[PDB]
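> Quick one, upload_17.cif (mmCIF, C-alpha atoms and all ligand atoms):
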```
data_model
loop_
_atom_site.group_PDB
_atom_site.id
_atom_site.type_symbol
_atom_site.label_atom_id
_atom_site.label_comp_id
_atom_site.auth_asym_id
_atom_site.auth_seq_id
_atom_site.Cartn_x
_atom_site.Cartn_y
_atom_site.Cartn_z
ATOM 1 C CA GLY S 2 -8.395 54.771 43.118
ATOM 2 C CA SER S 3 -10.403 57.956 43.731
ATOM 3 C CA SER S 4 -13.254 56.757 45.951
ATOM 4 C CA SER S 5 -11.263 54.446 48.313
ATOM 5 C CA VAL S 6 -8.587 57.257 48.736
ATOM 6 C CA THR S 7 -11.607 59.543 49.307
ATOM 7 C CA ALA S 8 -12.552 57.277 52.247
ATOM 8 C CA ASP S 9 -9.002 57.330 53.652
ATOM 9 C CA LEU S 10 -8.970 61.185 53.714
ATOM 10 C CA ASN S 11 -12.350 61.391 55.477
ATOM 11 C CA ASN S 12 -11.128 59.048 58.234
ATOM 12 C CA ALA S 13 -14.750 58.760 59.120
ATOM 13 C CA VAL S 14 -15.056 54.960 59.082
ATOM 14 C CA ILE S 15 -12.960 53.372 61.805
ATOM 15 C CA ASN S 16 -12.584 50.088 59.918
ATOM 16 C CA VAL S 17 -12.110 51.793 56.554
ATOM 17 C CA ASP S 18 -9.616 49.156 55.291
ATOM 18 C CA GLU S 19 -12.115 46.360 55.954
ATOM 19 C CA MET S 20 -14.735 48.435 54.147
ATOM 20 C CA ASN S 21 -12.509 49.115 51.136
ATOM 21 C CA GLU S 22 -11.766 45.419 51.015
ATOM 22 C CA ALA S 23 -15.493 44.643 50.962
ATOM 23 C CA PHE S 24 -16.003 47.036 48.042
ATOM 24 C CA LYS S 25 -12.844 46.082 46.117
ATOM 25 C CA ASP S 26 -14.726 44.381 43.241
ATOM 26 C CA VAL S 27 -17.288 47.148 42.821
ATOM 27 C CA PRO S 28 -16.331 49.894 40.427
ATOM 28 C CA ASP S 29 -16.814 53.538 41.311
ATOM 29 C CA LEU S 30 -20.110 55.161 40.507
ATOM 30 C CA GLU S 31 -19.789 57.641 37.657
ATOM 31 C CA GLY S 32 -20.260 60.058 39.178
ATOM 32 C CA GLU S 33 -22.196 61.331 42.227
ATOM 33 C CA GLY S 34 -23.556 60.197 44.692
ATOM 34 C CA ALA S 35 -25.215 60.701 48.114
ATOM 35 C CA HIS S 36 -23.276 62.706 50.734
ATOM 36 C CA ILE S 37 -23.810 61.492 54.282
ATOM 37 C CA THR S 38 -22.454 63.658 57.081
ATOM 38 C CA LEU S 39 -22.470 64.152 60.822
ATOM 39 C CA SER S 40 -22.454 67.620 62.443
ATOM 40 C CA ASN S 41 -19.588 69.687 63.906
ATOM 41 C CA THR S 42 -20.717 71.491 66.987
ATOM 42 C CA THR S 43 -19.481 73.107 70.166
ATOM 43 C CA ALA S 44 -20.684 72.297 73.663
ATOM 44 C CA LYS S 45 -20.136 73.092 77.327
ATOM 45 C CA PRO S 46 -18.823 70.541 79.833
ATOM 46 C CA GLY S 47 -21.831 68.636 81.166
ATOM 47 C CA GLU S 48 -24.073 69.636 78.266
ATOM 48 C CA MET S 49 -26.595 67.410 76.453
ATOM 49 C CA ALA S 50 -25.051 68.093 73.068
ATOM 50 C CA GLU S 51 -27.098 67.749 69.896
ATOM 51 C CA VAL S 52 -25.648 65.712 67.054
ATOM 52 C CA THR S 53 -27.213 65.531 63.637
ATOM 53 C CA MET S 54 -26.755 63.081 60.785
ATOM 54 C CA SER S 55 -27.789 64.456 57.455
ATOM 55 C CA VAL S 56 -27.544 63.639 53.764
ATOM 56 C CA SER S 57 -27.320 65.789 50.673
ATOM 57 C CA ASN S 58 -27.793 65.072 46.985
ATOM 58 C CA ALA S 59 -30.191 62.212 47.701
ATOM 59 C CA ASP S 60 -33.755 63.463 47.361
ATOM 60 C CA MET S 61 -35.938 60.681 45.926
ATOM 61 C CA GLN S 62 -32.769 58.634 45.188
ATOM 62 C CA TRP S 63 -32.835 56.086 47.995
ATOM 63 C CA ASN S 64 -35.018 53.536 49.673
ATOM 64 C CA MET S 65 -33.427 52.465 52.944
ATOM 65 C CA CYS S 66 -30.489 52.709 55.237
ATOM 66 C CA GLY S 67 -28.899 50.806 58.070
ATOM 67 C CA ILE S 68 -25.991 52.765 59.525
ATOM 68 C CA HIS S 69 -23.724 52.369 62.524
ATOM 69 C CA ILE S 70 -22.712 55.683 64.191
ATOM 70 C CA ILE S 71 -19.773 55.619 66.586
ATOM 71 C CA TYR S 72 -18.409 57.953 69.197
ATOM 72 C CA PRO S 73 -16.185 57.838 72.294
ATOM 73 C CA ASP S 74 -17.936 55.671 74.874
ATOM 74 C CA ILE S 75 -17.515 58.352 77.571
ATOM 75 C CA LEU S 76 -20.318 60.084 75.712
ATOM 76 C CA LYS S 77 -23.724 58.670 76.659
ATOM 77 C CA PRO S 78 -26.626 58.987 74.246
ATOM 78 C CA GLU S 79 -29.981 60.173 75.428
ATOM 79 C CA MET S 80 -32.338 57.154 75.725
ATOM 80 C CA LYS S 81 -35.955 56.587 74.996
ATOM 81 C CA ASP S 82 -36.451 53.146 76.593
ATOM 82 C CA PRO S 83 -33.192 51.966 78.222
ATOM 83 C CA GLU S 84 -34.681 48.534 78.667
ATOM 84 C CA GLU S 85 -35.176 48.240 74.915
ATOM 85 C CA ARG S 86 -31.995 50.127 74.143
ATOM 86 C CA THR S 87 -33.969 52.601 72.043
ATOM 87 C CA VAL S 88 -32.133 55.884 71.484
ATOM 88 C CA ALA S 89 -34.073 59.147 71.575
ATOM 89 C CA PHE S 90 -33.971 61.080 68.332
ATOM 90 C CA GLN S 91 -35.686 63.792 66.406
ATOM 91 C CA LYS S 92 -36.426 62.838 62.850
ATOM 92 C CA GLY S 93 -35.503 65.347 60.140
ATOM 93 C CA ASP S 94 -36.982 66.172 56.742
ATOM 94 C CA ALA S 95 -34.818 63.544 55.046
ATOM 95 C CA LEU S 96 -36.834 60.867 56.888
ATOM 96 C CA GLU S 97 -40.201 62.596 56.618
ATOM 97 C CA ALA S 98 -41.635 59.932 54.313
ATOM 98 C CA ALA S 99 -40.149 56.886 56.082
ATOM 99 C CA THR S 100 -42.544 53.967 56.613
ATOM 100 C CA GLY S 101 -40.434 52.933 59.604
ATOM 101 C CA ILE S 102 -37.427 54.105 61.546
ATOM 102 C CA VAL S 103 -35.618 52.436 64.390
ATOM 103 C CA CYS S 104 -32.584 53.520 66.370
ATOM 104 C CA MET S 105 -30.785 51.443 68.938
ATOM 105 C CA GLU S 106 -27.728 51.419 71.046
ATOM 106 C CA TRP S 107 -25.355 48.502 70.526
ATOM 107 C CA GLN S 108 -24.457 47.540 74.110
ATOM 108 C CA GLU S 109 -23.346 43.962 74.138
ATOM 109 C CA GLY S 110 -21.133 41.923 71.823
ATOM 110 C CA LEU S 111 -19.377 44.883 70.244
ATOM 111 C CA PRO S 112 -16.488 44.027 67.938
ATOM 112 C CA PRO S 113 -12.869 44.410 69.101
ATOM 113 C CA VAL S 114 -12.130 47.397 66.891
ATOM 114 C CA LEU S 115 -14.772 49.299 68.851
ATOM 115 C CA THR S 116 -14.228 47.900 72.343
ATOM 116 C CA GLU S 117 -10.472 48.272 72.117
ATOM 117 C CA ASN S 118 -10.776 51.881 70.947
ATOM 118 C CA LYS S 119 -13.418 52.640 73.620
ATOM 119 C CA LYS S 120 -16.131 53.463 71.133
ATOM 120 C CA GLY S 121 -19.820 53.384 71.673
ATOM 121 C CA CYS S 122 -22.255 52.679 68.855
ATOM 122 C CA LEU S 123 -25.785 53.183 67.748
ATOM 123 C CA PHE S 124 -27.591 51.772 64.705
ATOM 124 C CA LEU S 125 -30.095 53.742 62.648
ATOM 125 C CA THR S 126 -32.305 51.998 60.161
ATOM 126 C CA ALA S 127 -34.973 53.601 58.049
ATOM 127 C CA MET S 128 -37.220 52.247 55.333
ATOM 128 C CA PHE S 129 -39.250 53.973 52.641
ATOM 129 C CA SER S 130 -41.766 52.870 50.064
ATOM 130 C CA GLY S 131 -39.756 52.879 46.838
ATOM 131 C CA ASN S 132 -37.228 55.654 46.342
ATOM 132 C CA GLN S 133 -38.831 58.246 48.640
ATOM 133 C CA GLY S 134 -35.799 58.811 50.765
ATOM 134 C CA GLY S 135 -35.362 62.559 51.280
ATOM 135 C CA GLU S 136 -32.477 64.906 51.924
ATOM 136 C CA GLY S 137 -31.315 67.230 54.662
ATOM 137 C CA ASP S 138 -31.342 66.243 58.302
ATOM 138 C CA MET S 139 -31.989 62.580 58.937
ATOM 139 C CA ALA S 140 -31.855 62.371 62.693
ATOM 140 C CA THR S 141 -30.758 64.443 65.671
ATOM 141 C CA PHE S 142 -29.507 62.825 68.864
ATOM 142 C CA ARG S 143 -28.151 64.076 72.166
ATOM 143 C CA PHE S 144 -25.054 63.024 74.059
ATOM 144 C CA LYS S 145 -24.009 63.777 77.610
ATOM 145 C CA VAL S 146 -20.748 65.648 77.495
ATOM 146 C CA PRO S 147 -18.959 64.712 80.722
ATOM 147 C CA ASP S 148 -19.186 67.303 83.475
ATOM 148 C CA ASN S 149 -15.395 67.368 83.816
ATOM 149 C CA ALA S 150 -14.651 67.673 80.071
ATOM 150 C CA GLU S 151 -11.559 69.718 79.327
ATOM 151 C CA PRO S 152 -11.924 72.896 77.234
ATOM 152 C CA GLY S 153 -10.894 72.399 73.633
ATOM 153 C CA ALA S 154 -11.511 68.624 73.805
ATOM 154 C CA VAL S 155 -12.622 67.153 70.527
ATOM 155 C CA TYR S 156 -14.970 64.137 70.414
ATOM 156 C CA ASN S 157 -14.865 62.501 66.983
ATOM 157 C CA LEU S 158 -18.007 61.099 65.531
ATOM 158 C CA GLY S 159 -17.886 58.529 62.803
ATOM 159 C CA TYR S 160 -19.098 55.224 61.472
ATOM 160 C CA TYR S 161 -18.477 51.520 61.750
ATOM 161 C CA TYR S 162 -18.872 49.435 58.602
ATOM 162 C CA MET S 163 -20.636 46.103 58.750
ATOM 163 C CA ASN S 164 -21.074 43.988 55.674
ATOM 164 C CA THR S 165 -24.885 44.156 55.935
ATOM 165 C CA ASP S 166 -25.179 47.937 56.445
ATOM 166 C CA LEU S 167 -27.080 49.863 53.843
ATOM 167 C CA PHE S 168 -27.603 53.040 52.040
ATOM 168 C CA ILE S 169 -29.443 52.033 48.924
ATOM 169 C CA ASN S 170 -32.018 52.565 46.294
ATOM 170 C CA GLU S 171 -34.899 50.160 45.685
ATOM 171 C CA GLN S 172 -33.015 48.580 42.797
ATOM 172 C CA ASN S 173 -30.047 47.771 45.101
ATOM 173 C CA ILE S 174 -27.410 49.249 42.771
ATOM 174 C CA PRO S 175 -23.968 48.327 44.158
ATOM 175 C CA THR S 176 -22.171 51.448 42.893
ATOM 176 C CA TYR S 177 -24.766 53.641 44.648
ATOM 177 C CA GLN S 178 -24.104 51.977 47.993
ATOM 178 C CA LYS S 179 -20.336 52.194 47.428
ATOM 179 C CA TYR S 180 -20.463 55.925 46.729
ATOM 180 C CA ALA S 181 -22.495 56.667 49.854
ATOM 181 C CA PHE S 182 -20.293 54.681 52.184
ATOM 182 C CA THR S 183 -16.971 55.766 50.689
ATOM 183 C CA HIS S 184 -17.892 59.472 50.756
ATOM 184 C CA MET S 185 -19.411 59.661 54.232
ATOM 185 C CA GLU S 186 -18.120 62.356 56.527
ATOM 186 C CA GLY S 187 -17.725 62.196 60.248
ATOM 187 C CA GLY S 188 -18.377 64.922 62.724
ATOM 188 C CA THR S 189 -17.265 66.367 65.997
ATOM 189 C CA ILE S 190 -18.285 67.761 69.287
ATOM 190 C CA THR S 191 -15.760 70.324 70.476
ATOM 191 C CA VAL S 192 -15.768 71.478 74.094
ATOM 192 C CA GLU S 193 -15.817 75.252 74.317
ATOM 193 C CA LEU S 194 -12.817 77.181 75.655
ATOM 194 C CA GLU S 195 -12.772 78.934 79.069
ATOM 195 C CA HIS S 196 -14.193 82.479 79.378
HETATM 196 CL CL CL S 201 -15.169 57.985 67.445
HETATM 197 CL CL CL S 202 -33.238 64.203 70.833
#
```
Could the structure of this file be written out as structure tokens, please?
Ligand SMILES: [Cl-]
Ligand SMILES: [Cl-]

Amino acid sequence: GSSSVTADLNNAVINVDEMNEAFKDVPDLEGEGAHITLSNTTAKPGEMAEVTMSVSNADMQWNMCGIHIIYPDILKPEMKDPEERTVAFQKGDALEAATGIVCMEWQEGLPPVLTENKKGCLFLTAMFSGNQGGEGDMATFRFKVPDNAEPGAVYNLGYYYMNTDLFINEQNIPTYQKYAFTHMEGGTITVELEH
């Protein structure tokens, strides 16, 4: 079908098959649909590189999210309180109206698909009063690009799907959630070439 082949071609969700399985009994939304995306940027070796998650076609259409962002574990996210595993972030316009936002680094008890592929993970949850979710930039993070990073190196940024993760409206419409998760796009940090 369209939307689960859509998710295979975006290669954004590491456990996409598991996800498609989870959604197998939910028909496709007809038609569109929130578009969640990560950024594609260039950085120098050793740089604190900015990464931004954003969403389009969602203004006033959603109520909360709980999303797992993944990245190569050699990248280290900038931290607010290491002791609490809070990740520093700049909130964008899409989250302007949020009643609460939390963002944490998943450090311990990561699932095999992530550990075995040397992926790190953070979890972003935001809640709104009714359907006041916005659009545009959601959150901007920073990652330490290793000092010794090779020019041209590409760090893929994506998602991990957990059964309880969310991108939903107040009414909890299953097709809405399916669209969002099956159409999400990953991102990249590319290390600049030598001068
Ligand atoms: Cl990754
Ligand atoms: Cl930041």
> Between S:16, S:40, S:130, S:3, which one has atoms that come closest to residue 157 in chain S, using all atoms listed in the file?
S:40
> Can you spell out as a PDB file with C-alpha atoms, in the coordinates of the input the set of residues that the PyMOL selection byres (((chain S and resi 53) around 8) and not hetatm) selects in the structure I just provided?

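Dumped everything to part_28.pdb:
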```
ATOM      1  CA  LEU S  39     -22.470  64.152  60.822  1.00  0.00           C
ATOM      2  CA  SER S  40     -22.454  67.620  62.443  1.00  0.00           C
ATOM      3  CA  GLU S  51     -27.098  67.749  69.896  1.00  0.00           C
ATOM      4  CA  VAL S  52     -25.648  65.712  67.054  1.00  0.00           C
ATOM      5  CA  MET S  54     -26.755  63.081  60.785  1.00  0.00           C
ATOM      6  CA  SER S  55     -27.789  64.456  57.455  1.00  0.00           C
ATOM      7  CA  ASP S 138     -31.342  66.243  58.302  1.00  0.00           C
ATOM      8  CA  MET S 139     -31.989  62.580  58.937  1.00  0.00           C
ATOM      9  CA  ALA S 140     -31.855  62.371  62.693  1.00  0.00           C
ATOM     10  CA  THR S 141     -30.758  64.443  65.671  1.00  0.00           C
ATOM     11  CA  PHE S 142     -29.507  62.825  68.864  1.00  0.00           C
TER      12      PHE S 142
END
```
> So which one's closest to ligand CL 202 (chain S), S:145, S:86, S:184, S:25? Using all atoms listed in the file, please.
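Among the listed residues, the smallest separation from ligand CL 202 (chain S) belongs to S:145.
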> Could you name the residues that touch residue 12 in chain S at 9 Å or less, counting all atoms listed in the file, but leaving out those on the same chain fewer than 6 positions away, as a ChimeraX atom specification?
/S:159,186-187
> How about saving the chosen residues, C-alpha atoms kept, as a PDB file, in the coordinates of the input?

```pdb
ATOM      1  CA  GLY S 159     -17.886  58.529  62.803  1.00  0.00           C
ATOM      2  CA  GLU S 186     -18.120  62.356  56.527  1.00  0.00           C
ATOM      3  CA  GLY S 187     -17.725  62.196  60.248  1.00  0.00           C
TER       4      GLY S 187
END
```
> If the PyMOL selection byres (((chain S and resi 24) around 12) and not hetatm) were run on this exact file, what residues would it hold? Put them as a PyMOL selection string.
chain S and resi 2+4-5+8+17-23+25-30+162-164+175-183
> Residues within 7 Å of ligand CL 202 (chain S), counting only C-alpha atoms and all ligand atoms: report them as a list in words.
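My answer, listing the contacting residues, is residues 79, 89, 90, 91, 141, 142 and 143 of chain S.
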> Could you list, as a ChimeraX atom specification, all protein and nucleic acid residues with an atom at most 12 Å from ligand CL 201 (chain S), counting all atoms listed in the file?
/S:12-16,39,69-76,114-123,155-161,187-190
> Would you list the residues near (-45.0, 63.6, 52.7), meaning any protein, DNA or RNA residue with an atom at most 12 Å from that point in file coordinates, counting only C-alpha atoms, as number ranges by chain?
S: 61, 94-100, 129-130, 133-135
> For a test of reading the model, state the distance in Å between CA of residue 124 in chain S and CA of residue 84 in chain S, rounded to one decimal.
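About the pair CA of residue 124 in chain S and CA of residue 84 in chain S: they are 16.0 Å apart.
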> What separation in Å, quoted to one decimal, exists between CA of residue 57 in chain S and CA of residue 173 in chain S?
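Distance reported for this atom pair: 19.1 Å.
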> Return the single residue from S:44, S:185, S:167, S:128 that is closest to residue 7 in chain S, with distances computed using only C-alpha atoms.
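Looking only at the distances to residue 7 in chain S, the closest residue turns out to be S:185.
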> Selecting N, CA, C and O atoms, how would range 69-81 of chain S from this structure be written as a JSON list (two decimals), in the first residue's frame?

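Output below, filename selection.json:
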```json
[["chain", "number", "residue", "atom", "x", "y", "z"],
["S", 69, "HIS", "N", 10.60, 9.67, 19.48],
["S", 69, "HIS", "CA", 11.98, 9.25, 19.70],
["S", 69, "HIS", "C", 12.86, 9.60, 18.47],
["S", 69, "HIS", "O", 12.75, 8.98, 17.43],
["S", 70, "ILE", "N", 13.80, 10.50, 18.68],
["S", 70, "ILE", "CA", 14.81, 10.87, 17.67],
["S", 70, "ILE", "C", 16.10, 10.09, 17.90],
["S", 70, "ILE", "O", 16.58, 9.97, 19.05],
["S", 71, "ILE", "N", 16.63, 9.53, 16.83],
["S", 71, "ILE", "CA", 17.86, 8.75, 16.89],
["S", 71, "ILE", "C", 18.94, 9.26, 15.95],
["S", 71, "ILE", "O", 18.68, 9.95, 14.96],
["S", 72, "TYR", "N", 20.16, 8.89, 16.28],
["S", 72, "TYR", "CA", 21.35, 9.44, 15.67],
["S", 72, "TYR", "C", 22.52, 8.54, 16.07],
["S", 72, "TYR", "O", 22.42, 7.79, 17.03],
["S", 73, "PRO", "N", 23.63, 8.60, 15.31],
["S", 73, "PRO", "CA", 24.79, 7.79, 15.69],
["S", 73, "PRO", "C", 25.27, 8.20, 17.08],
["S", 73, "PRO", "O", 25.33, 9.38, 17.39],
["S", 74, "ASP", "N", 25.58, 7.22, 17.91],
["S", 74, "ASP", "CA", 25.90, 7.52, 19.31],
["S", 74, "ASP", "C", 27.24, 8.24, 19.48],
["S", 74, "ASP", "O", 27.58, 8.66, 20.57],
["S", 75, "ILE", "N", 28.04, 8.33, 18.42],
["S", 75, "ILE", "CA", 29.28, 9.12, 18.50],
["S", 75, "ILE", "C", 28.96, 10.60, 18.58],
["S", 75, "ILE", "O", 29.78, 11.38, 18.99],
["S", 76, "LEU", "N", 27.76, 10.96, 18.15],
["S", 76, "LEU", "CA", 27.27, 12.32, 18.36],
["S", 76, "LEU", "C", 26.73, 12.43, 19.76],
["S", 76, "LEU", "O", 26.00, 11.58, 20.22],
["S", 77, "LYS", "N", 27.06, 13.53, 20.43],
["S", 77, "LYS", "CA", 26.64, 13.74, 21.83],
["S", 77, "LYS", "C", 25.79, 14.99, 21.96],
["S", 77, "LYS", "O", 26.28, 16.10, 21.70],
["S", 78, "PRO", "N", 24.52, 14.84, 22.37],
["S", 78, "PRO", "CA", 23.67, 16.02, 22.42],
["S", 78, "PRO", "C", 24.02, 16.95, 23.54],
["S", 78, "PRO", "O", 24.48, 16.52, 24.57],
["S", 79, "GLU", "N", 23.85, 18.23, 23.28],
["S", 79, "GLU", "CA", 24.05, 19.24, 24.30],
["S", 79, "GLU", "C", 23.01, 19.06, 25.43],
["S", 79, "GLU", "O", 21.81, 18.93, 25.17],
["S", 80, "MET", "N", 23.50, 19.09, 26.66],
["S", 80, "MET", "CA", 22.67, 18.78, 27.85],
["S", 80, "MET", "C", 22.35, 19.96, 28.70],
["S", 80, "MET", "O", 23.14, 20.89, 28.83],
["S", 81, "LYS", "N", 21.16, 19.93, 29.27],
["S", 81, "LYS", "CA", 20.72, 20.94, 30.19],
["S", 81, "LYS", "C", 21.13, 20.54, 31.60],
["S", 81, "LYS", "O", 21.95, 21.19, 32.22]]
```
